[PDB]
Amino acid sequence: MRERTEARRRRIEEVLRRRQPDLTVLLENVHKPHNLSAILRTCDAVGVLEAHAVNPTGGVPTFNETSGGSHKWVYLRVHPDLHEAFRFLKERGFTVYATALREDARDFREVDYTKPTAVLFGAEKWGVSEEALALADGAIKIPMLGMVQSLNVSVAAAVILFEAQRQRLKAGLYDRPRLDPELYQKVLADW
C-alpha cells in the first residue's frame, strides 16, 4: 500500500512539481534517433514538460540510444511545419531563440532563461534553416574556443538547457509548482 503510494506516487508528484511549462526546445530536422533521445533525456533533467519538433528523425519520432525511457516522461509535439510550430509557441508567450554558428549571435549565457523561452536547434549536418532564423526572435551561440566550428546538437542543447536550469534554480522557479491544477492533475494521471 505505501509502496504503491509512499513511493511511486510521492516521487512522481515530487518531479511533476518541478516541471516548467514555459521552458522548451524546438528541434528542426534533427535526424539521428540518438540525438533526439539524448535531448529529451536532457529536457527531463531540467524539468521541460513538453518539447517540440518539425520533421524529427525522418518524420516520425524515433528513439533508441538514450532515454531512461525519457520519451516516457517528456511530451513531444510534432508540428506540420516551422510556421505552425512558431505560431504555437508565440501564441503561448514564448520568446524563441535560434541557435546559430554565426559570429553575430548573442552569447548564450547573456539570455535570461527564467522568462518563457523556447530554444530552436537545427539539423546535424547543416544547422538551423534560413527560414527558422527569420522567424526567431534572436540567435544565440555557445563560445567555441578550439578548431572545430560546432558542437554535437544534443551537446549544444544540454549546454544551453543546463544554463537555463542553473538560472531557474537560483531564481527559485523549481521551489514551487508551476502547472495549473488541471494540467498538473492531468500529467499526474499519465505518469
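Residues carry their position along the shown sequence, with the first being 1.
Report task. Mind pulling up the entry and telling me whether 137-145 or 65-73 has the higher mean Cα temperature factor? Result -> Stretch with the greater average CA B-factor: 65-73.
Query raised in the report: What stretch has the higher average Cα B-factor here, 40-48 or 162-170?
Result: Comparing 40-48 with 162-170, the higher average CA B-factor belongs to 162-170.
Requested in this report: Name the one of 78, 89, 119, 101 with the greatest CA B-factor according to the PDB entry.
Outcome: Each of 78, 89, 119, 101 was compared by C-alpha B-factor; the highest is 101.
Report task. Would you mind ranking residue 96 by its C-alpha B-factor against the rest of the chain and naming the third, lowest, middle or highest? Result -> Its C-alpha B-factor belongs to the lowest third of this chain's values.
Requested in this report: Could you say whether, by C-alpha temperature factor, residue 33 belongs to the lowest, middle or highest third of its chain?
Outcome: Within its chain, residue 33 is a middle-third residue by C-alpha B-factor, going by the deposited values.
Requested in this report: Check where residue 17 lands among this chain's C-alpha B-factors and tell me if it's the lowest, middle or highest third.
Outcome: CA B-factor rank for residue 17: middle third.
Requested in this report: Consider only the C-alpha atoms of the modelled residues in this chain, order them by B-factor as the entry records it, and name the third containing residue 56: lowest, middle or highest.
Outcome: Tercile = middle for this residue's CA B-factor.
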